[PDB]
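Next comes target_38.cif, a file with mmCIF, N, CA and C atoms.
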```
data_start
loop_
_atom_site.group_PDB
_atom_site.id
_atom_site.type_symbol
_atom_site.label_atom_id
_atom_site.label_comp_id
_atom_site.auth_asym_id
_atom_site.auth_seq_id
_atom_site.Cartn_x
_atom_site.Cartn_y
_atom_site.Cartn_z
ATOM 1 N N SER K 4041 0.695 -1.615 -59.553
ATOM 2 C CA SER K 4041 0.059 -1.494 -58.249
ATOM 3 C C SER K 4041 0.631 -2.564 -57.333
ATOM 4 N N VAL K 4042 0.499 -2.331 -56.029
ATOM 5 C CA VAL K 4042 0.990 -3.263 -55.022
ATOM 6 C C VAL K 4042 0.123 -3.129 -53.780
ATOM 7 N N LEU K 4043 -0.024 -4.235 -53.056
ATOM 8 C CA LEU K 4043 -0.839 -4.255 -51.850
ATOM 9 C C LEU K 4043 -0.032 -3.740 -50.665
ATOM 10 N N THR K 4044 -0.606 -2.784 -49.930
ATOM 11 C CA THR K 4044 0.062 -2.272 -48.738
ATOM 12 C C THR K 4044 0.233 -3.360 -47.685
ATOM 13 N N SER K 4045 -0.777 -4.208 -47.505
ATOM 14 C CA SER K 4045 -0.705 -5.329 -46.580
ATOM 15 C C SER K 4045 -1.269 -6.566 -47.265
ATOM 16 N N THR K 4046 -0.809 -7.737 -46.812
ATOM 17 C CA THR K 4046 -1.201 -9.006 -47.417
ATOM 18 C C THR K 4046 -1.693 -10.011 -46.380
ATOM 19 N N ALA K 4047 -2.166 -9.545 -45.228
ATOM 20 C CA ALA K 4047 -2.724 -10.449 -44.236
ATOM 21 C C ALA K 4047 -4.042 -11.034 -44.738
ATOM 22 N N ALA K 4048 -4.405 -12.193 -44.184
ATOM 23 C CA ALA K 4048 -5.608 -12.881 -44.643
ATOM 24 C C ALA K 4048 -6.844 -12.007 -44.474
ATOM 25 N N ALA K 4049 -6.979 -11.352 -43.319
ATOM 26 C CA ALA K 4049 -8.121 -10.470 -43.103
ATOM 27 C C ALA K 4049 -8.086 -9.281 -44.055
ATOM 28 N N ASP K 4050 -6.896 -8.728 -44.300
ATOM 29 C CA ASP K 4050 -6.786 -7.552 -45.156
ATOM 30 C C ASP K 4050 -7.162 -7.863 -46.600
ATOM 31 N N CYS K 4051 -6.839 -9.066 -47.082
ATOM 32 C CA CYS K 4051 -7.108 -9.398 -48.477
ATOM 33 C C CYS K 4051 -8.601 -9.361 -48.777
ATOM 34 N N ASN K 4052 -9.420 -9.904 -47.874
ATOM 35 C CA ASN K 4052 -10.855 -9.985 -48.121
ATOM 36 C C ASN K 4052 -11.541 -8.629 -48.030
ATOM 37 N N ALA K 4053 -10.906 -7.642 -47.398
ATOM 38 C CA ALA K 4053 -11.499 -6.319 -47.261
ATOM 39 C C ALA K 4053 -11.237 -5.421 -48.462
ATOM 40 N N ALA K 4054 -10.502 -5.901 -49.465
ATOM 41 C CA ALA K 4054 -10.135 -5.071 -50.605
ATOM 42 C C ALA K 4054 -11.099 -5.198 -51.776
ATOM 43 N N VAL K 4055 -11.727 -6.359 -51.956
ATOM 44 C CA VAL K 4055 -12.576 -6.614 -53.112
ATOM 45 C C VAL K 4055 -13.887 -7.239 -52.661
ATOM 46 N N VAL K 4056 -14.910 -7.088 -53.500
ATOM 47 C CA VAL K 4056 -16.216 -7.704 -53.298
ATOM 48 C C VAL K 4056 -16.492 -8.611 -54.489
ATOM 49 N N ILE K 4057 -16.774 -9.881 -54.213
ATOM 50 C CA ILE K 4057 -17.038 -10.882 -55.241
ATOM 51 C C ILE K 4057 -18.511 -11.256 -55.168
ATOM 52 N N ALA K 4058 -19.205 -11.146 -56.298
ATOM 53 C CA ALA K 4058 -20.635 -11.402 -56.359
ATOM 54 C C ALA K 4058 -20.978 -12.038 -57.698
ATOM 55 N N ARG K 4059 -22.198 -12.563 -57.783
ATOM 56 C CA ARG K 4059 -22.701 -13.171 -59.011
ATOM 57 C C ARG K 4059 -24.212 -13.013 -59.031
ATOM 58 N N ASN K 4060 -24.728 -12.346 -60.063
ATOM 59 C CA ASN K 4060 -26.163 -12.096 -60.195
ATOM 60 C C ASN K 4060 -26.714 -11.378 -58.965
ATOM 61 N N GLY K 4061 -25.936 -10.435 -58.435
ATOM 62 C CA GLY K 4061 -26.380 -9.600 -57.339
ATOM 63 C C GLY K 4061 -26.210 -10.188 -55.955
ATOM 64 N N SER K 4062 -25.619 -11.373 -55.829
ATOM 65 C CA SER K 4062 -25.412 -12.021 -54.539
ATOM 66 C C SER K 4062 -23.919 -12.066 -54.243
ATOM 67 N N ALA K 4063 -23.521 -11.478 -53.119
ATOM 68 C CA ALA K 4063 -22.119 -11.403 -52.741
ATOM 69 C C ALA K 4063 -21.684 -12.673 -52.012
ATOM 70 N N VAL K 4064 -20.370 -12.822 -51.863
ATOM 71 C CA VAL K 4064 -19.761 -13.968 -51.199
ATOM 72 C C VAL K 4064 -18.857 -13.444 -50.092
ATOM 73 N N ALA K 4065 -18.993 -14.014 -48.898
ATOM 74 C CA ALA K 4065 -18.235 -13.573 -47.735
ATOM 75 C C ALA K 4065 -16.894 -14.296 -47.675
ATOM 76 N N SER K 4066 -15.830 -13.534 -47.441
ATOM 77 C CA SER K 4066 -14.476 -14.068 -47.344
ATOM 78 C C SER K 4066 -14.158 -14.994 -48.520
ATOM 79 N N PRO K 4067 -14.276 -14.506 -49.758
ATOM 80 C CA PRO K 4067 -14.030 -15.370 -50.922
ATOM 81 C C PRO K 4067 -12.568 -15.720 -51.138
ATOM 82 N N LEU K 4068 -11.661 -15.240 -50.291
ATOM 83 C CA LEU K 4068 -10.235 -15.455 -50.467
ATOM 84 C C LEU K 4068 -9.631 -15.972 -49.171
ATOM 85 N N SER K 4069 -8.491 -16.652 -49.309
ATOM 86 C CA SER K 4069 -7.684 -17.068 -48.172
ATOM 87 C C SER K 4069 -6.363 -16.321 -48.073
ATOM 88 N N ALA K 4070 -5.876 -15.757 -49.175
ATOM 89 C CA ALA K 4070 -4.645 -14.979 -49.177
ATOM 90 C C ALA K 4070 -4.654 -14.079 -50.405
ATOM 91 N N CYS K 4071 -3.633 -13.230 -50.502
ATOM 92 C CA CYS K 4071 -3.488 -12.350 -51.653
ATOM 93 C C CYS K 4071 -2.016 -12.013 -51.841
ATOM 94 N N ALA K 4072 -1.683 -11.586 -53.054
ATOM 95 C CA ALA K 4072 -0.313 -11.242 -53.416
ATOM 96 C C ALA K 4072 -0.354 -10.411 -54.694
ATOM 97 N N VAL K 4073 0.824 -10.115 -55.243
ATOM 98 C CA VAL K 4073 0.949 -9.335 -56.467
ATOM 99 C C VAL K 4073 2.059 -9.940 -57.315
ATOM 100 N N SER K 4074 1.968 -9.727 -58.625
ATOM 101 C CA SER K 4074 2.996 -10.206 -59.534
ATOM 102 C C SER K 4074 4.293 -9.427 -59.331
ATOM 103 N N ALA K 4075 5.388 -10.000 -59.837
ATOM 104 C CA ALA K 4075 6.692 -9.365 -59.674
ATOM 105 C C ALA K 4075 6.726 -7.994 -60.336
ATOM 106 N N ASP K 4076 6.174 -7.883 -61.544
ATOM 107 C CA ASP K 4076 6.144 -6.608 -62.250
ATOM 108 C C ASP K 4076 5.046 -5.678 -61.751
ATOM 109 N N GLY K 4077 4.096 -6.182 -60.966
ATOM 110 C CA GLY K 4077 3.042 -5.351 -60.422
ATOM 111 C C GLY K 4077 1.935 -4.999 -61.389
ATOM 112 N N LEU K 4078 1.914 -5.599 -62.576
ATOM 113 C CA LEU K 4078 0.895 -5.306 -63.575
ATOM 114 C C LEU K 4078 -0.366 -6.142 -63.400
ATOM 115 N N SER K 4079 -0.375 -7.086 -62.460
ATOM 116 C CA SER K 4079 -1.548 -7.910 -62.217
ATOM 117 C C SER K 4079 -1.564 -8.332 -60.755
ATOM 118 N N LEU K 4080 -2.749 -8.698 -60.280
ATOM 119 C CA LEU K 4080 -2.910 -9.227 -58.935
ATOM 120 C C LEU K 4080 -2.732 -10.741 -58.942
ATOM 121 N N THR K 4081 -2.524 -11.296 -57.751
ATOM 122 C CA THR K 4081 -2.390 -12.739 -57.561
ATOM 123 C C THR K 4081 -3.187 -13.108 -56.314
ATOM 124 N N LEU K 4082 -4.461 -13.433 -56.503
ATOM 125 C CA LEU K 4082 -5.371 -13.730 -55.406
ATOM 126 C C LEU K 4082 -5.424 -15.229 -55.148
ATOM 127 N N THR K 4083 -5.503 -15.593 -53.873
ATOM 128 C CA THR K 4083 -5.683 -16.976 -53.455
ATOM 129 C C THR K 4083 -7.148 -17.193 -53.102
ATOM 130 N N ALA K 4084 -7.754 -18.203 -53.717
ATOM 131 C CA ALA K 4084 -9.181 -18.434 -53.583
ATOM 132 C C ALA K 4084 -9.508 -19.109 -52.255
ATOM 133 N N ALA K 4085 -10.795 -19.109 -51.925
ATOM 134 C CA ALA K 4085 -11.290 -19.854 -50.782
ATOM 135 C C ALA K 4085 -11.529 -21.312 -51.172
ATOM 136 N N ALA K 4086 -11.877 -22.122 -50.176
ATOM 137 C CA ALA K 4086 -12.101 -23.548 -50.370
ATOM 138 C C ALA K 4086 -13.564 -23.891 -50.625
ATOM 139 N N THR K 4087 -14.434 -22.891 -50.756
ATOM 140 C CA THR K 4087 -15.870 -23.112 -50.860
ATOM 141 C C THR K 4087 -16.385 -23.115 -52.295
ATOM 142 N N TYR K 4088 -15.510 -23.006 -53.294
ATOM 143 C CA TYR K 4088 -15.957 -22.975 -54.680
ATOM 144 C C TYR K 4088 -14.875 -23.557 -55.581
ATOM 145 N N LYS K 4089 -15.277 -23.888 -56.801
ATOM 146 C CA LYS K 4089 -14.419 -24.509 -57.797
ATOM 147 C C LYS K 4089 -14.623 -23.807 -59.130
ATOM 148 N N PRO K 4090 -13.650 -23.900 -60.040
ATOM 149 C CA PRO K 4090 -13.749 -23.168 -61.314
ATOM 150 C C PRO K 4090 -14.774 -23.800 -62.244
ATOM 151 N N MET K 4091 -15.717 -22.982 -62.725
ATOM 152 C CA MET K 4091 -16.713 -23.448 -63.684
ATOM 153 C C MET K 4091 -17.011 -22.382 -64.746
ATOM 154 N N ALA K 4092 -16.067 -21.465 -64.971
ATOM 155 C CA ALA K 4092 -15.996 -20.561 -66.131
ATOM 156 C C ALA K 4092 -16.851 -19.300 -66.052
ATOM 157 N N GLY K 4093 -17.427 -18.958 -64.902
ATOM 158 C CA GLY K 4093 -18.138 -17.696 -64.780
ATOM 159 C C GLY K 4093 -17.975 -17.041 -63.423
ATOM 160 N N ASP K 4094 -17.905 -15.710 -63.389
ATOM 161 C CA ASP K 4094 -17.811 -14.950 -62.144
ATOM 162 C C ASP K 4094 -17.736 -13.465 -62.485
ATOM 163 N N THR K 4095 -17.801 -12.634 -61.444
ATOM 164 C CA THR K 4095 -17.559 -11.199 -61.556
ATOM 165 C C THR K 4095 -16.951 -10.708 -60.249
ATOM 166 N N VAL K 4096 -16.276 -9.559 -60.316
ATOM 167 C CA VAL K 4096 -15.552 -9.018 -59.169
ATOM 168 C C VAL K 4096 -15.473 -7.503 -59.296
ATOM 169 N N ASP K 4097 -15.404 -6.833 -58.146
ATOM 170 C CA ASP K 4097 -15.215 -5.390 -58.077
ATOM 171 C C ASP K 4097 -14.382 -5.086 -56.836
ATOM 172 N N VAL K 4098 -14.206 -3.796 -56.545
ATOM 173 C CA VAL K 4098 -13.439 -3.354 -55.385
ATOM 174 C C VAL K 4098 -14.379 -2.698 -54.384
ATOM 175 N N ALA K 4099 -14.062 -2.865 -53.102
ATOM 176 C CA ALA K 4099 -14.883 -2.299 -52.044
ATOM 177 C C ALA K 4099 -14.835 -0.776 -52.080
ATOM 178 N N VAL K 4100 -15.947 -0.159 -51.681
ATOM 179 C CA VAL K 4100 -16.074 1.291 -51.760
ATOM 180 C C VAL K 4100 -15.095 1.944 -50.794
ATOM 181 N N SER K 4101 -14.337 2.919 -51.296
ATOM 182 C CA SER K 4101 -13.429 3.721 -50.476
ATOM 183 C C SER K 4101 -12.377 2.863 -49.779
ATOM 184 N N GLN K 4102 -12.031 1.723 -50.368
ATOM 185 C CA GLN K 4102 -10.975 0.889 -49.817
ATOM 186 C C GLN K 4102 -9.613 1.507 -50.107
ATOM 187 N N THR K 4103 -8.646 1.207 -49.237
ATOM 188 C CA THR K 4103 -7.298 1.749 -49.360
ATOM 189 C C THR K 4103 -6.227 0.666 -49.319
ATOM 190 N N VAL K 4104 -6.615 -0.610 -49.276
ATOM 191 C CA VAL K 4104 -5.628 -1.682 -49.195
ATOM 192 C C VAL K 4104 -4.782 -1.725 -50.462
ATOM 193 N N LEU K 4105 -5.415 -1.597 -51.625
ATOM 194 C CA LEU K 4105 -4.735 -1.658 -52.912
ATOM 195 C C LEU K 4105 -4.614 -0.252 -53.484
ATOM 196 N N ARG K 4106 -3.406 0.110 -53.914
ATOM 197 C CA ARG K 4106 -3.130 1.435 -54.452
ATOM 198 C C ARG K 4106 -2.341 1.311 -55.745
ATOM 199 N N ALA K 4107 -2.791 2.017 -56.779
ATOM 200 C CA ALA K 4107 -2.034 2.116 -58.015
ATOM 201 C C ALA K 4107 -0.914 3.142 -57.866
ATOM 202 N N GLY K 4108 0.006 3.125 -58.826
ATOM 203 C CA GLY K 4108 1.211 3.922 -58.726
ATOM 204 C C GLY K 4108 2.241 3.230 -57.860
ATOM 205 N N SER K 4109 1.886 2.985 -56.607
ATOM 206 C CA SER K 4109 2.721 2.236 -55.674
ATOM 207 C C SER K 4109 1.872 1.928 -54.445
ATOM 208 N N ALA K 4110 2.508 1.376 -53.412
ATOM 209 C CA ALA K 4110 1.833 1.191 -52.135
ATOM 210 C C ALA K 4110 1.477 2.515 -51.475
ATOM 211 N N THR K 4111 2.033 3.628 -51.957
ATOM 212 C CA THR K 4111 1.716 4.957 -51.448
ATOM 213 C C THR K 4111 1.074 5.847 -52.505
ATOM 214 N N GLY K 4112 0.684 5.289 -53.648
ATOM 215 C CA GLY K 4112 0.091 6.063 -54.711
ATOM 216 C C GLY K 4112 -1.412 6.175 -54.566
ATOM 217 N N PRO K 4113 -2.075 6.727 -55.583
ATOM 218 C CA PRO K 4113 -3.536 6.851 -55.524
ATOM 219 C C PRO K 4113 -4.205 5.491 -55.390
ATOM 220 N N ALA K 4114 -5.310 5.471 -54.652
ATOM 221 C CA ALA K 4114 -5.997 4.234 -54.314
ATOM 222 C C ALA K 4114 -7.014 3.853 -55.386
ATOM 223 N N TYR K 4115 -7.397 2.579 -55.374
ATOM 224 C CA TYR K 4115 -8.407 2.080 -56.295
ATOM 225 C C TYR K 4115 -9.795 2.552 -55.878
ATOM 226 N N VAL K 4116 -10.699 2.609 -56.851
ATOM 227 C CA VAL K 4116 -12.088 2.991 -56.602
ATOM 228 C C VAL K 4116 -13.006 2.078 -57.399
ATOM 229 N N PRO K 4117 -14.268 1.968 -56.983
ATOM 230 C CA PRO K 4117 -15.192 1.063 -57.679
ATOM 231 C C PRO K 4117 -15.340 1.419 -59.150
ATOM 232 N N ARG K 4118 -15.418 0.383 -59.983
ATOM 233 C CA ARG K 4118 -15.739 0.568 -61.384
ATOM 234 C C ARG K 4118 -17.215 0.919 -61.538
ATOM 235 N N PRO K 4119 -17.607 1.460 -62.692
ATOM 236 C CA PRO K 4119 -19.043 1.657 -62.939
ATOM 237 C C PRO K 4119 -19.841 0.375 -62.779
ATOM 238 N N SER K 4120 -19.279 -0.751 -63.198
ATOM 239 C CA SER K 4120 -19.869 -2.064 -63.002
ATOM 240 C C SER K 4120 -18.753 -3.056 -62.721
ATOM 241 N N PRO K 4121 -19.062 -4.175 -62.065
ATOM 242 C CA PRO K 4121 -18.018 -5.168 -61.784
ATOM 243 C C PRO K 4121 -17.386 -5.702 -63.061
ATOM 244 N N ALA K 4122 -16.083 -5.964 -62.986
ATOM 245 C CA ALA K 4122 -15.364 -6.564 -64.097
ATOM 246 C C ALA K 4122 -15.631 -8.065 -64.155
ATOM 247 N N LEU K 4123 -15.372 -8.647 -65.321
ATOM 248 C CA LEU K 4123 -15.676 -10.049 -65.566
ATOM 249 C C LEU K 4123 -14.529 -10.942 -65.111
ATOM 250 N N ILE K 4124 -14.886 -12.099 -64.560
ATOM 251 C CA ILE K 4124 -13.946 -13.167 -64.245
ATOM 252 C C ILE K 4124 -14.563 -14.473 -64.722
ATOM 253 N N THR K 4125 -13.799 -15.250 -65.482
ATOM 254 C CA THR K 4125 -14.301 -16.490 -66.073
ATOM 255 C C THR K 4125 -13.996 -17.703 -65.198
ATOM 256 N N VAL K 4126 -14.390 -17.666 -63.926
ATOM 257 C CA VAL K 4126 -14.086 -18.776 -63.020
ATOM 258 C C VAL K 4126 -15.218 -19.259 -62.105
ATOM 259 N N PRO K 4127 -15.245 -18.962 -60.770
ATOM 260 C CA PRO K 4127 -16.162 -19.769 -59.922
ATOM 261 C C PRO K 4127 -17.627 -19.334 -59.811
ATOM 262 N N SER K 4128 -18.436 -19.698 -60.811
ATOM 263 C CA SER K 4128 -19.889 -19.558 -60.721
ATOM 264 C C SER K 4128 -20.569 -20.195 -61.928
ATOM 265 N N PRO K 4129 -21.798 -20.724 -61.777
ATOM 266 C CA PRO K 4129 -22.547 -21.255 -62.923
ATOM 267 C C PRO K 4129 -22.800 -20.208 -64.003
#
```

Once more with this new file: its structure as structure tokens, please.
Amino acid sequence: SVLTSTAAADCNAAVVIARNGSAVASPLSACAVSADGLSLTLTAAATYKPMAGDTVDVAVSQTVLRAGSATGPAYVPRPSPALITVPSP
């Protein structure tokens, strides 16, 4: 997968970051993708630090991130947010 656009505003509109049902506004400052495209490379915001817990999902009906390619099928929300072992108690 690859991001169609990588502007600061565009990055925050692609995913929703929450913890215990409470979301976080503009949790990122930038975004990118790995060379092989098998993983994302997100730049965090300055309002939190790593403490081994978090969760993340994708915004409903978003089109910024597309699998296959930048012109392939788009991502859709998971049944539940995926786990991230970083910024939250």

Could you write out as a list in words the residues that the PyMOL selection byres ((chain K and resi 4117) around 8) matches in the shown file?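 Evaluating the PyMOL selection byres ((chain K and resi 4117) around 8) on these coordinates yields residues 4097, 4098, 4099, 4100, 4101, 4102, 4114, 4115, 4116, 4118, 4119, 4120 and 4121 of chain K.
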
Under the PyMOL selection byres ((chain K and resi 4069) around 8), which residues of this model are included? Write them out as a ChimeraX atom specification. /K:4047-4049,4051-4052,4066-4068,4070-4071,4082-4086

What does the PyMOL selection byres ((chain K and resi 4127) around 6.5) select in this file, as a VMD selection string? chain K and resid 4088 to 4094 4124 to 4126 4128 to 4129

Residues as selected, N, CA and C atoms, written as a PDB file, in the frame of the given file, can you do that?
```pdb
ATOM      1  N   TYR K4088     -15.510 -23.006 -53.294  1.00  0.00           N
ATOM      2  CA  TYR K4088     -15.957 -22.975 -54.680  1.00  0.00           C
ATOM      3  C   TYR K4088     -14.875 -23.557 -55.581  1.00  0.00           C
ATOM      4  N   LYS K4089     -15.277 -23.888 -56.801  1.00  0.00           N
ATOM      5  CA  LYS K4089     -14.419 -24.509 -57.797  1.00  0.00           C
ATOM      6  C   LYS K4089     -14.623 -23.807 -59.130  1.00  0.00           C
ATOM      7  N   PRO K4090     -13.650 -23.900 -60.040  1.00  0.00           N
ATOM      8  CA  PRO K4090     -13.749 -23.168 -61.314  1.00  0.00           C
ATOM      9  C   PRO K4090     -14.774 -23.800 -62.244  1.00  0.00           C
ATOM     10  N   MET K4091     -15.717 -22.982 -62.725  1.00  0.00           N
ATOM     11  CA  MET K4091     -16.713 -23.448 -63.684  1.00  0.00           C
ATOM     12  C   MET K4091     -17.011 -22.382 -64.746  1.00  0.00           C
ATOM     13  N   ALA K4092     -16.067 -21.465 -64.971  1.00  0.00           N
ATOM     14  CA  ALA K4092     -15.996 -20.561 -66.131  1.00  0.00           C
ATOM     15  C   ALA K4092     -16.851 -19.300 -66.052  1.00  0.00           C
ATOM     16  N   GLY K4093     -17.427 -18.958 -64.902  1.00  0.00           N
ATOM     17  CA  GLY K4093     -18.138 -17.696 -64.780  1.00  0.00           C
ATOM     18  C   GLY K4093     -17.975 -17.041 -63.423  1.00  0.00           C
ATOM     19  N   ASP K4094     -17.905 -15.710 -63.389  1.00  0.00           N
ATOM     20  CA  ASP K4094     -17.811 -14.950 -62.144  1.00  0.00           C
ATOM     21  C   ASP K4094     -17.736 -13.465 -62.485  1.00  0.00           C
ATOM     22  N   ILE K4124     -14.886 -12.099 -64.560  1.00  0.00           N
ATOM     23  CA  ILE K4124     -13.946 -13.167 -64.245  1.00  0.00           C
ATOM     24  C   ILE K4124     -14.563 -14.473 -64.722  1.00  0.00           C
ATOM     25  N   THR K4125     -13.799 -15.250 -65.482  1.00  0.00           N
ATOM     26  CA  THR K4125     -14.301 -16.490 -66.073  1.00  0.00           C
ATOM     27  C   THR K4125     -13.996 -17.703 -65.198  1.00  0.00           C
ATOM     28  N   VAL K4126     -14.390 -17.666 -63.926  1.00  0.00           N
ATOM     29  CA  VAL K4126     -14.086 -18.776 -63.020  1.00  0.00           C
ATOM     30  C   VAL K4126     -15.218 -19.259 -62.105  1.00  0.00           C
ATOM     31  N   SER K4128     -18.436 -19.698 -60.811  1.00  0.00           N
ATOM     32  CA  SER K4128     -19.889 -19.558 -60.721  1.00  0.00           C
ATOM     33  C   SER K4128     -20.569 -20.195 -61.928  1.00  0.00           C
ATOM     34  N   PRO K4129     -21.798 -20.724 -61.777  1.00  0.00           N
ATOM     35  CA  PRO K4129     -22.547 -21.255 -62.923  1.00  0.00           C
ATOM     36  C   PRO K4129     -22.800 -20.208 -64.003  1.00  0.00           C
TER      37      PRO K4129
END
```

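Here CA of residue 4112 in chain K stands at a distance of 9.4 Å from CA of residue 4042 in chain K.
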
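Across the model, the gap from CA of residue 4072 in chain K to CA of residue 4046 in chain K is 6.5 Å.
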
Please write out, as AutoDock Vina command-line options, where the centre of an axis-aligned box around all listed atoms of range 4055-4069 of chain K lies and how long its edges are, in Å to one decimal, after adding 8 Å on each side.
```
--center_x -16.5 --center_y -11.7 --center_z -53.8 --size_x 36.4 --size_y 26.7 --size_z 28.9
```

For atom N of residue 4113 in chain K and atom N of residue 4055 in chain K, the interatomic separation in Å (one decimal):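 Between atom N of residue 4113 in chain K and atom N of residue 4055 in chain K the gap works out to 16.7 Å.
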
Among range 4045-4109 of chain K, which ones does DSSP place in alpha helix (DSSP H), written as a short mmCIF file (atom, residue, chain, number, x, y, z; two decimals) with N, CA and C atoms, in the frame of the given file?
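Writing done, so here's states22.cif:
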```cif
data_model
loop_
_atom_site.label_atom_id
_atom_site.label_comp_id
_atom_site.auth_asym_id
_atom_site.auth_seq_id
_atom_site.Cartn_x
_atom_site.Cartn_y
_atom_site.Cartn_z
N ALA K 4048 -4.40 -12.19 -44.18
CA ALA K 4048 -5.61 -12.88 -44.64
C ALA K 4048 -6.84 -12.01 -44.47
N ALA K 4049 -6.98 -11.35 -43.32
CA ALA K 4049 -8.12 -10.47 -43.10
C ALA K 4049 -8.09 -9.28 -44.06
N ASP K 4050 -6.90 -8.73 -44.30
CA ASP K 4050 -6.79 -7.55 -45.16
C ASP K 4050 -7.16 -7.86 -46.60
N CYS K 4051 -6.84 -9.07 -47.08
CA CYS K 4051 -7.11 -9.40 -48.48
C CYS K 4051 -8.60 -9.36 -48.78
N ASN K 4052 -9.42 -9.90 -47.87
CA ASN K 4052 -10.86 -9.98 -48.12
C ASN K 4052 -11.54 -8.63 -48.03
#
```

Nearest to residue 4106 in chain K by atom-to-atom distance, counting all atoms listed in the file, from K:4057, K:4043, K:4122, K:4063: K:4043

Output range 4041-4056 of chain K from the block with N, CA, C and O atoms, as a PDB file, in the first residue's frame?
```pdb
ATOM      1  N   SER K4041       0.851  -1.181   0.000  1.00  0.00           N
ATOM      2  CA  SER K4041       0.000   0.000   0.000  1.00  0.00           C
ATOM      3  C   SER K4041       0.889   1.234   0.000  1.00  0.00           C
ATOM      4  O   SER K4041       2.060   1.177   0.383  1.00  0.00           O
ATOM      5  N   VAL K4042       0.312   2.354  -0.433  1.00  0.00           N
ATOM      6  CA  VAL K4042       1.029   3.621  -0.489  1.00  0.00           C
ATOM      7  C   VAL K4042       0.024   4.749  -0.314  1.00  0.00           C
ATOM      8  O   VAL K4042      -1.140   4.635  -0.706  1.00  0.00           O
ATOM      9  N   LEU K4043       0.485   5.846   0.281  1.00  0.00           N
ATOM     10  CA  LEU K4043      -0.371   6.997   0.527  1.00  0.00           C
ATOM     11  C   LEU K4043      -0.454   7.864  -0.723  1.00  0.00           C
ATOM     12  O   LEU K4043       0.572   8.224  -1.310  1.00  0.00           O
ATOM     13  N   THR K4044      -1.681   8.199  -1.130  1.00  0.00           N
ATOM     14  CA  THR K4044      -1.860   9.078  -2.280  1.00  0.00           C
ATOM     15  C   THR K4044      -1.273  10.459  -2.022  1.00  0.00           C
ATOM     16  O   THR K4044      -0.662  11.049  -2.920  1.00  0.00           O
ATOM     17  N   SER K4045      -1.449  10.988  -0.813  1.00  0.00           N
ATOM     18  CA  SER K4045      -0.876  12.268  -0.426  1.00  0.00           C
ATOM     19  C   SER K4045      -0.264  12.131   0.961  1.00  0.00           C
ATOM     20  O   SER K4045      -0.672  11.285   1.761  1.00  0.00           O
ATOM     21  N   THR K4046       0.732  12.979   1.240  1.00  0.00           N
ATOM     22  CA  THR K4046       1.464  12.922   2.500  1.00  0.00           C
ATOM     23  C   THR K4046       1.540  14.282   3.187  1.00  0.00           C
ATOM     24  O   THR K4046       2.451  14.513   3.988  1.00  0.00           O
ATOM     25  N   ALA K4047       0.607  15.184   2.895  1.00  0.00           N
ATOM     26  CA  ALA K4047       0.580  16.467   3.579  1.00  0.00           C
ATOM     27  C   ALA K4047       0.183  16.277   5.041  1.00  0.00           C
ATOM     28  O   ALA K4047      -0.457  15.291   5.416  1.00  0.00           O
ATOM     29  N   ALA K4048       0.571  17.245   5.873  1.00  0.00           N
ATOM     30  CA  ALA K4048       0.314  17.130   7.306  1.00  0.00           C
ATOM     31  C   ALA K4048      -1.177  16.998   7.591  1.00  0.00           C
ATOM     32  O   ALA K4048      -1.590  16.159   8.400  1.00  0.00           O
ATOM     33  N   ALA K4049      -2.001  17.818   6.936  1.00  0.00           N
ATOM     34  CA  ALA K4049      -3.444  17.724   7.134  1.00  0.00           C
ATOM     35  C   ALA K4049      -3.982  16.388   6.635  1.00  0.00           C
ATOM     36  O   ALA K4049      -4.862  15.789   7.265  1.00  0.00           O
ATOM     37  N   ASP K4050      -3.465  15.906   5.503  1.00  0.00           N
ATOM     38  CA  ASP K4050      -3.965  14.661   4.930  1.00  0.00           C
ATOM     39  C   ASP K4050      -3.655  13.462   5.817  1.00  0.00           C
ATOM     40  O   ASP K4050      -4.461  12.528   5.895  1.00  0.00           O
ATOM     41  N   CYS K4051      -2.500  13.465   6.486  1.00  0.00           N
ATOM     42  CA  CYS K4051      -2.113  12.314   7.296  1.00  0.00           C
ATOM     43  C   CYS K4051      -3.101  12.079   8.432  1.00  0.00           C
ATOM     44  O   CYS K4051      -3.478  10.935   8.711  1.00  0.00           O
ATOM     45  N   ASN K4052      -3.532  13.151   9.099  1.00  0.00           N
ATOM     46  CA  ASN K4052      -4.412  13.008  10.252  1.00  0.00           C
ATOM     47  C   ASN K4052      -5.826  12.599   9.861  1.00  0.00           C
ATOM     48  O   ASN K4052      -6.575  12.114  10.715  1.00  0.00           O
ATOM     49  N   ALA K4053      -6.208  12.781   8.597  1.00  0.00           N
ATOM     50  CA  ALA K4053      -7.546  12.424   8.145  1.00  0.00           C
ATOM     51  C   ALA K4053      -7.667  10.961   7.739  1.00  0.00           C
ATOM     52  O   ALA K4053      -8.762  10.532   7.360  1.00  0.00           O
ATOM     53  N   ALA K4054      -6.581  10.191   7.808  1.00  0.00           N
ATOM     54  CA  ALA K4054      -6.598   8.808   7.351  1.00  0.00           C
ATOM     55  C   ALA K4054      -6.890   7.812   8.465  1.00  0.00           C
ATOM     56  O   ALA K4054      -7.476   6.756   8.197  1.00  0.00           O
ATOM     57  N   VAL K4055      -6.498   8.113   9.702  1.00  0.00           N
ATOM     58  CA  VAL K4055      -6.628   7.176  10.809  1.00  0.00           C
ATOM     59  C   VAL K4055      -7.232   7.881  12.014  1.00  0.00           C
ATOM     60  O   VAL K4055      -7.159   9.106  12.147  1.00  0.00           O
ATOM     61  N   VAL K4056      -7.834   7.087  12.897  1.00  0.00           N
ATOM     62  CA  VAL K4056      -8.378   7.558  14.166  1.00  0.00           C
ATOM     63  C   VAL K4056      -7.661   6.815  15.284  1.00  0.00           C
ATOM     64  O   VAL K4056      -7.648   5.579  15.307  1.00  0.00           O
TER      65      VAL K4056
END
```
